[PDB]
Amino acid sequence: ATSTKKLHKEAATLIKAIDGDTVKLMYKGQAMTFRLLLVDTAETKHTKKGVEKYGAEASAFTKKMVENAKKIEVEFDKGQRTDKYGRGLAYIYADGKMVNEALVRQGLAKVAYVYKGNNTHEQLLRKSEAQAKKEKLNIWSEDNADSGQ
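57 is the number of the first residue of the sequence shown in mature numbering (1 follows the signal peptide of the UniProt record, and there is no 0); add one for each residue after it.
Here you go:
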């Protein structure tokens, strides 16, 4: 029937965000480290300054959106529940809103890469990224492909 998509988010409360995608969410009464699946919110691992690709803004938007939302819900797909980091791989939702979409659609988070298991929302994820890429919002506003050489 395809009536029960069972794709309803659910968690409890967000303690605090670490790096946009990595946030400590209190689920079932326990504060576990959650990670936005199929998304990337900042990856400052070069030590340039903190604005090479809206890395500082990525966490800020997700941090303020979660701490301000008051209600956070997570959705675990078929992908691995722990990306070899004992974390909680899944999509983040604030007050019934899509964080991943808002981030990518706004230009704060890009599209991650799941080996297998997590590829259900890969349709909307790629769409939001493409729109931000072609339009060059923020994250995709400094990724000159340089067609040539």
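Where a beta carbon is used, it is the ideal one built from N, C-alpha and C, also for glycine.
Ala201 counts as exposed, since fewer than 16 other beta carbons sit within 10 angstroms of its beta carbon. Between the stretch 84-100 and the stretch 128-142 there are three or more C-beta pairs closer than 8 Å, enough to call the two in contact. For the pair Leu81 and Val122, the Cα-to-Cα distance works out to about 10 Å. By the C-beta density criterion, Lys172 is exposed, having fewer than 16 other C-beta atoms within 10 angstroms. Rounded to the nearest whole angstrom, the C-alpha separation of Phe132 and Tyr147 is 7 Å. Taken atom to atom, the span from the alpha-carbon of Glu191 to that of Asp199 is near 12 Å. Taken atom to atom, the span from the alpha-carbon of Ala73 to that of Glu66 is near 17 Å.
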